[PDB]
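**Q** Experimental structure and sequence below, a few questions after.
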Amino acid sequence: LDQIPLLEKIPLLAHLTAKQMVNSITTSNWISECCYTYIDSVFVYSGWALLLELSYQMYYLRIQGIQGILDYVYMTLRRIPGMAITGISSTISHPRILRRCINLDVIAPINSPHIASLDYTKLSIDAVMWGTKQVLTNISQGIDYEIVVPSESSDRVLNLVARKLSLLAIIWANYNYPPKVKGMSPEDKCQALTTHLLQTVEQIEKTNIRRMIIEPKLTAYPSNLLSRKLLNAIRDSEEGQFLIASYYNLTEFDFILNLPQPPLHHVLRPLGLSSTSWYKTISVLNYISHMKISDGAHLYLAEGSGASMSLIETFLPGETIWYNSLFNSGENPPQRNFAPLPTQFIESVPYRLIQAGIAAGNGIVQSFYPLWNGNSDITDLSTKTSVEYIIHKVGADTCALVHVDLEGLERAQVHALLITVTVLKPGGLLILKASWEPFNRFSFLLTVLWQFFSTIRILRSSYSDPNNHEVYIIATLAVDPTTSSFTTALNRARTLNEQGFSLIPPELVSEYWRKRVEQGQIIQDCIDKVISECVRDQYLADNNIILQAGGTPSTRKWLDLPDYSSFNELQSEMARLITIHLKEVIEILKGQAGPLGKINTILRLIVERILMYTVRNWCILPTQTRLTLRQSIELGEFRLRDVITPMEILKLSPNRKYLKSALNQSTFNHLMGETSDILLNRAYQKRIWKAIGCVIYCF
């Protein structure tokens, strides 16, 4: 104690703080310790400690295989109250620890437009799951992990080594059936000790495997969580801080016109964390790359995740970039002061090159200043204060590109319009996220823009939704604008709108409709073919643009499930999963006949796990079940019976006392049919279809 070298203190501090976290879950926080230790080791030892705690429970449930342990720990973490995990949530939510976790691939910020909106409880659960997977893999390969016994200088150490031995038996329960340990003394773990040498026979370099069995690593500590001494030694030591710092340091169906449905189109978006509007941007680049917009600043109104901002910046770089999106500090996680930062732009190439100081393509380092002083009304463009502040900071006649993507005149749209009119450099470009379906609004917008813009081009993105009549306006600020003011343009636009025909010629409307019907049909056939055939490589240039922009397939971190090479093994996996995790459900159901809420949450967790199993292994499904899963998801629900049938569940799962009695089988079939079907929100549907696209693209 206290005599180990400095190189050994940091992993020991990580082990001790991980033990503290695990005891906490099974204002208090651990940022002080985690900022001065190995955060990846912290989560690895957290997984190790949680595995030690759950070893006996998983052994008495006859869990087999690494994935069985992973599913059990996932549901255990998902079933704890959110107040209990707030200790780990607070540590992860800290900006330094958050960036550390992101950079060590432990944490990926997904499904949140802003960092402050991230589900840090789910984020902590994901980190602990990653640590558990790392521990299981390292144990399987033979990397033994030290067990610490604080407050011991007995029998509890013999129990702890028994927990580790039972974990090891559980890992290889497929090859050989583990013996019973129920109702047995902590000393009689020698039976398990003996059978692990038998299991070791059935595979390479066994020396490390056997060493962790016969000679378990153990380290008893007379003091108790000891961690404070290690933390003080690390902080005081100069090298220690030096060591910590060193450790942590093609779709061409788009067309241009120069002047309540399932989100199936997201499958064609197989890249990107959170929003993926760069896909709608790709078609814009094909027309705006010819002209010059790099000079001058760029302004992005309501950009949100900043995906379009990133992909515009990589190929069209600006000197100053003024992000702007709606955000209030009220939705921050406790004890955090997160600014509105686009969680997709921060991990992209432009911000990664800004932070490390490398120059951009133009040779001028991009200066990224979000428009945020602390007022929620300031982020909301409908307020006049927002307009005045935005115009103040960017400066009138300072920028050349303005990207307005405000979703569907409303006060915010006209406010965004005269922000641009005031701030664009003469000859500057505006890209606008219009909408053709309310044609009156379209005529109004076209007239007001035409008063002071020239070369107004209407472009429908080939990657946009085929049902929303979306149009991306491509217009240039007219040189030498002699327009009196914005209000005259607006009032006069009202006149034309209420006194005469719309400025759009009927021939252009007919052309738009004629190209729109064929484009929608073609895109729908492309989506249908991609979902059905599941060809791995389709439209490589578009996704290559995303990869150059800094986008990566986010299915790796959201879908950590394995990729079975056979469909029979897939079905067998849920045959184990359902039969293992419905035991509690049946137990409480028989006990009561409060509990119904637990029943429902366990059922929902099981069905969601089955859903992600299906999505991860979507490619290897036969086309018939692929088709029926697509049909089920289209109405917005995930029926469990399509993937696997109750007779298959009974056949492909080990025989047990559960699922053995006529009443038990009857209630299993009752809970097995439509009564366990779950519903999916629209954002959930986009998540699922994007994940399917990612799986197809990567497999």
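**A** Noted; the coordinates are in hand. Numbering: from 1, shown residues only.

**Q** what about the closest residue to residue 352 other than its chain neighbours, neighbour count?
**A** Nearest residue to residue 352, sequence neighbours excluded (Cβ to Cβ, 6 or more residues apart in numbering): residue 550, at 6.5 Å. Heads up, the C-betas are built off the backbone N, CA and C, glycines and all. Counted with other Cβ atoms under 10 Å, the neighbours of residue 550 add up to 21.

**Q** and if you look at the one 5 residues further on?
**A** By the other Cβ under 10 Å criterion, the neighbourhood of residue 555 contains 24 residues.

**Q** close enough to count as contact, the residue nearest to residue 352 and residue 350?
**A** Yes: judged on Cβ atoms under 8 Å, residue 550 makes contact with residue 350 at a distance of 7.4 Å.

**Q** Next, show the common contact partners of the two.
**A** Common neighbours of residue 550 and residue 350 (criterion: Cβ atoms under 8 Å, 6 or more residues apart in numbering): 310, 314.

**Q** In a helix, the residue nearest to residue 352, correct?
**A** No: read with DSSP: H, G, I helix; E, B strand; the rest coil, residue 550 is coil and lies in no helix.

**Q** got the contact list for it?
**A** By Cβ under 8 Å, 6+ apart, the neighbours of residue 550 are 310, 314, 347-350, 352.

**Q** please redo it, this time with the cut-off set to 7 Å
**A** 310, 347-349, 352 (Cβ atoms under 7 Å, 6 or more residues apart in numbering).

**Q** same question, residue 634
**A** residue 262.

**Q** mind redoing it with 10 Å?
**A** 261-264, 685, 689 (Cβ atoms under 10 Å, 6 or more residues apart in numbering).

**Q** how about the contacts of residue 550 in a markdown table, adding neighbour count, distance to residue 75 and secondary structure?
**A** What follows is these, written out as a markdown table (neighbours: other Cβ atoms under 10 Å; distance: Cβ to Cβ, whole Å; DSSP: H, G, I helix; E, B strand; the rest coil):
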| residue | neighbour count | distance to residue 75 | secondary structure |
| --- | --- | --- | --- |
| 310 | 27 | 36 | helix |
| 347 | 18 | 30 | coil |
| 348 | 26 | 34 | coil |
| 349 | 18 | 38 | helix |
| 352 | 14 | 36 | helix |
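
**Q** which among the residues you listed gets closest to residue 418?
**A** residue 310 (26.8 Å; Cβ to Cβ).

**Q** Verify the stated contact: that closest one with residue 317.
**A** No: with contacts counted by Cβ atoms under 10 Å, residue 310 stays clear of residue 317, the gap being 11.2 Å.

**Q** And this protein, what are its domain boundaries?
**A** 6-247, 255-264+273-548, 555-698 (automatic domain parsing).

**Q** First-to-last residue distance for the shortest one?
**A** Using Cα to Cα, to the nearest Å, the end-to-end distance of domain 555-698 comes to 9 Å.

**Q** Closest to the centroid, which residue in the protein?
**A** Residue closest to the average C-alpha location in the chain (Cα atoms, centre = their mean): residue 110, at 2.5 Å.

**Q** surely that residue meets residue 272?
**A** Yes: Residue 110 lies in contact with residue 272 (Cβ under 10 Å); the separation is 9.3 Å.

**Q** Mind listing the shared neighbours of those two?
**A** Shared contacts of residue 110 and residue 272, counting by Cβ under 10 Å, 6+ apart, come down to 344, 554.

**Q** on that earlier part again, and which of the contacts of residue 550 is nearest residue 669?
**A** Distances from residue 669 to the contacts of residue 550, taken by Cβ to Cβ, are shortest for residue 347, at 46.3 Å.
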